[PDB]
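K.L.:
Under PDB author numbering, the residue at position 282 of the sequence shown is numbered 283, and the numbers go up by one with no gaps.
Beta carbons are placed, not taken as given, at the ideal position from N, Cα and C, and that holds for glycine.
Handing you this structure, nothing more for now.
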Amino acid sequence: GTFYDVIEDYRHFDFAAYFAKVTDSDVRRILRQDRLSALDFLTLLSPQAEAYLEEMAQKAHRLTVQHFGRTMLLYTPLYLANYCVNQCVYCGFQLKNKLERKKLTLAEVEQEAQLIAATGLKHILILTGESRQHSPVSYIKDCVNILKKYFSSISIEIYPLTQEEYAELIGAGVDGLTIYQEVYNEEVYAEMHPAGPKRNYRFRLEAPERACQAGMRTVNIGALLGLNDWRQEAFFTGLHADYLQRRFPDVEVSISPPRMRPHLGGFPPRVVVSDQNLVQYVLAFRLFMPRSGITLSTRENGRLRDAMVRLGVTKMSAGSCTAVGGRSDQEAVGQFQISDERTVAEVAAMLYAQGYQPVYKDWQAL
Ligand SMILES: C[C@H]1O[C@@H](n2cnc3c(N)ncnc32)[C@H](O)[C@@H]1O
Ligand SMILES: N[C@@H](Cc1ccc(O)cc1)C(=O)O
Ligand code: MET
Ligand code: SF4
Ligand SMILES: [Br-]
Ligand SMILES: [Br-]
Ligand SMILES: [Br-]
Ligand SMILES: [Br-]
Ligand SMILES: [Br-]
Ligand SMILES: [K+]
């Protein structure tokens, strides 16, 4: 009884045959409905629905304001360590790449925490590579103990854990989990993850459930856009979010639509995803799950992020750095290349000028 059962059930679902049946009347009908099914969400991801993106954006904006107000939660990532045993083809930290492997000392964690907290942020997301030798759970726990002096919400985006390990970290102060399945098609997942513990598709797929079972307050998921058939991968992300929300009615479920960016190693995206595709996904997902967060990172350029402020995004990073210690070492190599280099203050000033209140604690979004 896990999401894997749903993946198994859709193994023979014929996406092309479904899209072939969609008509404009279907899209107009869905825009009149209060509740959407998962296949109504698939219809809003169809080529035919590209003719209705304005109507979708009008309603998506209304729904977002209804549930979140004219607010935007700000946060930033903190990469603690970049040791990794996995060979993910698309990642700057994959094992076969040559870079300075680094783990922050606890005093470096504290100093970077102070630097970030000095901008006003209260939500932090901490990341590591998969290395139980260099960045074990006990080290992550020690970092959480320091960070809780500065941040009221600490989320983890680390290697997948057991339920008991999630419970341990929640007991130390972790509030939220972000974990991207990367690709929901099992065959393509095996192709993208040729070596390491991350080759275990099902263990990763079930990680959000294990964390929710352990009591995680918030969970943020997402496919990595660029690895596989984008409409199917967007569909499965939404299907997964809906599954989690139904299995755990009191967890706050969110999605991210991260697009592949340049990175050390140079693997090019297996599939191309346009700006309009990204917008269609965000709009369709907002209409499918009106109360779910949508997180937009600095992978997107500033002009597109500015345009998406009113289109369903509820959480934005700012002042990001994808390299371990890169906030004080401009030559440090990041996991991938960011696009929007604006600081926290610059993103907050942009939001105020759009009539949106930047907020620093998630409970202020209503
Ligand atoms: C932390 C998250 O970053 C994403 N990730 C890994 N490599 C890249 C890349 N080249 N570009 C953009 N995002 C990436 C993965 O989805 C990973 O889970
Ligand atoms: N790549 C991670 C951490 C991150 C968050 C926001 C950024 O702007 C950059 C990196 C994520 O998207 O969850
Ligand atoms: C830094 S990538 C995100 C955390 C972990 N290495 C993963 O791939 O799940
Ligand atoms: S995505 Fe996470 S597991 Fe894969 S190489 Fe990068 S850091 Fe390692
Ligand atoms: Br029609
Ligand atoms: Br490991
Ligand atoms: Br919802
Ligand atoms: Br970089
Ligand atoms: Br900043
Ligand atoms: K030190």
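With a threshold of 16 other CB atoms inside 10 Å of the CB of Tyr-353, please say whether the residue is buried or exposed.
P.N.:
By the 10 Å Cβ count, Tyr-353 comes out exposed.
K.L.:
Say the cut is 8 Å; is the CB of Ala-114 nearer than that to a heavy atom of ligand 9?
P.N.:
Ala-114: no, Cβ never under 8 Å from ligand 9.
K.L.:
Beta carbon of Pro-198: closer than 8 Å to some heavy atom of ligand 6?
P.N.:
yes
K.L.:
What does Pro-359 pair with, by DSSP beta-bridge criteria?
P.N.:
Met-73
K.L.:
Quick one: what does DSSP say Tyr-140 is sitting in, helix, strand or coil?
P.N.:
helix
K.L.:
By alpha-carbon positions, which one of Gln-59, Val-220 and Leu-46 ends up nearest to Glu-253?
P.N.:
The shortest Cα separation from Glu-253 among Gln-59, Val-220 and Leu-46 belongs to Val-220.
K.L.:
Between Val-23, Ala-52, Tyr-76 and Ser-26, which lies nearest to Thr-296 when the distance is taken from Cα to Cα?
P.N.:
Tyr-76
K.L.:
For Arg-102, which residues in the same chain have their Cβ closer than 7 Å to its Cβ, ignoring the five residues on either side in sequence?
P.N.:
So the qualifying residues of the chain are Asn-83 and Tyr-84.
K.L.:
Quick one: is the Cβ of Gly-320 within less than 8 Å of any heavy atom of ligand 9?
P.N.:
Indeed, a heavy atom of ligand 9 lies less than 8 Å from the Cβ.
K.L.:
Is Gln-336 close to ligand 4? I mean its beta-carbon at under 8 Å from any heavy atom of the ligand.
P.N.:
Yes, ligand 4 has a heavy atom inside 8 Å of this Cβ.
K.L.:
How big is the Cα-Cα spacing for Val-189 and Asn-229?
P.N.:
If you take the alpha carbons of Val-189 and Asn-229, they lie about 7 Å apart.
K.L.:
Let me know the beta strand (DSSP E) ranges lying completely inside the stretch 268 to 325, each 3 residues or longer, listed in chain order.
P.N.:
294 to 297 and 316 to 318
K.L.:
Please determine whether the Cβ atom of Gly-267 lies at a distance below 8 Å from any heavy atom of ligand 8.
P.N.:
Checking the 8 Å criterion, the Cβ of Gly-267 is out of range of every heavy atom belonging to ligand 8.
K.L.:
Grouping DSSP H, G and I as helix and E and B as strand, with all else coil, what is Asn-146?
P.N.:
helix
K.L.:
Which residue's Cα is closest to the Cα of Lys-150: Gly-174, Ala-235 and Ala-168?
P.N.:
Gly-174
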